[PDB]
C-alpha cells in the first residue's frame, strides 16, 4: 500500500531536478541511492545474488542519470563477517558485479561501489569458522555485551589492529577499488560511517589506542585519511567519495554526547579541503544527517536535535550528499537543495519505490516499505515492489 498519511510535494521545481556532475558522471537529478545492505548475497563466497541482484539494480536505475551507491561490499574475507553481504575481492564476485554495472549503465545511470570493513560489527563466530580475526581499533571496549560474549565463546577475542594489519587493510582497499573500476564501476565510496571499522578509529569511545592511530583528533583520523590517500593515488580523486556520520550512534558510536565530535569531523573535512586545494578534490562527501542516528529506527525516532551537519559546508567546498529521513519530508528537501552543491540520498524509500525519482518530481504517493524483508534471502521485498503505475493497477490509490 501507499504510506497513509503522507502529503507529497512535487519537487520538480527545485534544484533536486537540476543536473550536476559528480566525479566523471553527469547526473540528471540530485536524488541519490545511498548504500543499502540487503543480504541477498549467497554463501559461500559472499557472491552477489545470481538470480535477483541485476533486476534489483536495473529497477532502481530506471530514471536516467541517477547516481547509485551500491550496498556495502567487503574488501576481503577479513573485512567481512556477514555471510549474505557481497564482497569485491574475488573473480566469482566480480562476474556478478560486472552484470550489475552493465545493467545500470544500460539504463543511463551510474554506480559507485561502497567499500566496507566491519570491525567490531562483524560476527566473531562466522570469522572464527573461516579462520579470521575479530578486529577493531582497540581491545578493551566492545560494541555490546553480546558481541563480546560471542567473541569469547568463539575463542576469537576482539583484537586491536597492529600497524601492519592496518597496512594490510589499506592494500585490500586499494585492490578492491581497482577491482570495482575494472569491472565497470564509475567510482567507489569509502565507508567511514555508521560505526564500522573506520568509524571505530574516528570515535574516541571505540578508539582508546595510544599509538599514532589514536589519542588525538589527528591520530583518530589517520586510518580514514590513509585510505582516502591510497585510493586517490590508485584510481584518482574523481573516482573517490567518503561517507561520514558525525552524529551517528549506531554500532555504539558516540554521537553528540561526545563534545569533541564536531571537532573530529571538522578536522576530516578540513583535511579533504586541503587536498582539494592542492589539486585532488574528492568527488563528494556523503553525510548521514542527525535526523537519523540509527537507521533501524522508524523515521522520526532517534533524531538528534542538538547538532547540525551544516558546519561541513564552511570547510569542505565540494559536493555534499545528505541522507536521513528525507523521503517523508519534501519540505525539508526543498530548503536543503537551495544550496547548489547539495544532493539528497533516499534510502528506505528507494527500497520500496523503484521509481522514486519520478514520484519525487511529480509529487506522487510513496509505497510503504516492509522492514521485515530489508534483510531476507528473497525476491519478495526486493524486486517485487511496484512502480506507481503498477501500484495503481493493484488498486493502491484506494487501499
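Numbering follows the first chain given and starts at 1.
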query: Out of 160-168 and 246-254, which stretch has the higher average CA B-factor listed in the record?
result: 160-168
- request: Read off the CA B-factors in the entry, average them over 126-134 and over 173-181, and name the higher stretch.
  value: 126-134
Highest-ranked of 71, 211, 299, 289 once sorted by CA temperature factor in the record: 211
message: In terms of recorded Cα temperature factor, pick the maximum from 317, 107, 239, 191.
response: 107
- request: Ordered by C-alpha B-factor within the chain, which third holds residue 204? Give me lowest, middle or highest, please.
  value: middle
Chain-wide C-alpha B factor ranking for residue 63, given as lowest, middle or highest third: middle
task: Please rank the C-alpha B-factors of the chain's modelled residues and tell me whether residue 186 sits in the lowest, middle or highest third.
output: lowest
- prompt: Taking the entry's C-alpha B-factors for this chain, is residue 222 in the lowest, middle or highest third?
  reply: middle
- request: For residue 311, return the chain-relative third of its C-alpha B-factor as stated in the PDB record: lowest, middle or highest.
  value: middle
